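Before any questions on how it binds or moves, here is one chain, the form deposited in one PDB entry, in structure tokens.
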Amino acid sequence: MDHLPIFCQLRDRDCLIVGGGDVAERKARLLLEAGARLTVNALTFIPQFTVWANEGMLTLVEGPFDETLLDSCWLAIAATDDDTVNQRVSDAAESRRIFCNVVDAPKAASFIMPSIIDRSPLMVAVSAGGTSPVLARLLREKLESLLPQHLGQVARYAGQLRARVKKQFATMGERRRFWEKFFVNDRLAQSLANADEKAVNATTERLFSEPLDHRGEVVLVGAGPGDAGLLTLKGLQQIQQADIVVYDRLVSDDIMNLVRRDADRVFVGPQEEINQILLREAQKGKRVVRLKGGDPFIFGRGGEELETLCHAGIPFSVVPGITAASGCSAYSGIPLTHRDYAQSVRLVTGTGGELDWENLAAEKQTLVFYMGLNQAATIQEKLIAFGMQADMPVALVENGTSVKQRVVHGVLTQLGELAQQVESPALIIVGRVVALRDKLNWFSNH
């Protein structure tokens, strides 16, 4: 260790930045975020500085560097393109024992600016002393994905609870467990973020009433079409705190490889049975994640699985996912809309009735068929027997977003035979947008 990390309180403390370019502007936005009383001294300023000044948010000293601007300063940052001026800044700062950063030169100054993950009042700082800015940014990117966006509001609210928790929990280890379920209750977190104070002390009273051991809830999490990188940040965070993950065939191996190490897995690849599995594994008092392919509310039966938790008292929440249409669209180079090609996008299945074929053949649509292969020969002639132009571009996307995605494409008179070249899970896309794939194909065809 050759740097000591400290967390400085800068609110209304005099700080100085020397420089007025893009680099200084980024440091000024950091110091403004911390509430510093900011003076910025430069030969000239880019417009973002004069707008900041015209709003009373900092002070501008236009002109050469003047040492006396350090007279009552706590922090100094040299952010000019001129090594000579930066060296005069840092020398003037060192003889005044003002900690100083030189943006181009981390070893030439008395402090180094770390990568910051901001969950105020909780904060994480990562640095390797200027030996590795890229590693720092990589660790920041990781920490940013693991730390829920509203953890800071739980942190702030916990401090307003330290009393009421010791008064009802007289054991160290008992209180260690109350905080442990308190800080991962992200319903309470979102409840605080939304300023829905009826639902806060509702969740709060639940945290003191129910036993410590019981933290029961169900989260519907959309896994996306397969590529593990298409899981949402919130999805990952829920999967990392789950006591039990209920998943099915359509959730990819890559996503499951992200599940908590010490989490129980239930594989369910009849629909009524899945509903019961969710309920009383949540009535066991366990934090349950129901992982589903794509988006849980688009042909996922997510509606059916939650309504069982309704008259049952089990709290739930829903993390949306990248539906198959969106993923296959991006990864095949076929936009679902484009200029005037399509006034609407149609997400359609292929039980409970029969399809309206006149409707689907109407012009200016992008049609996206889910679960359609078993009717792909039927779809073909039924569309051209209801007016659809026989040359309509058509494409099929199998295992979209995955490392084994296959895209076969062509024209509506070939949909039947093209459909034999692909297996479930596949998507059928019909509309002029298909013809754009020749310009926008960037992913690998297998």
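Shifts are known only where both forms have a C-alpha. Note that the rigid core is defined as the largest set of C-alphas that superpose within 1.5 Å between two forms. Numbers for residues come from their place in the sequence shown, where the first is 1.
Omitted here: the form deposited in another entry. The next part is about that form.
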After fitting the rigid core, tell me which of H338, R206, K286, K234 has its Cα displaced by at least 2 Å between this form and the one not shown. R206
Align both forms on the core first, then report whether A376 has a C-alpha shift of 2 Å or more between this form and the one not shown. no
Given a superposition on the rigid core, I'd like a yes or no on whether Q9 shifts its C-alpha by 2 Å or more between this form and the one not shown. yes
Once everything's superposed on the core, is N41 shifted 2 Å or more at the Cα between this form and the one not shown? yes
In the other entry, whether the C-alpha atoms of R177 and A242 sit closer or farther than here (change of 3 Å or more): closer
Against the shown form, C-alpha atoms of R260 and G173 in the other entry: closer or farther, for a change of 3 Å or more? closer
Go ahead and list the segments of at least 3 residues in a row whose C-alphas all shift 2 Å or more between this form and the one not shown, with the rigid core as the reference fit. 1-215
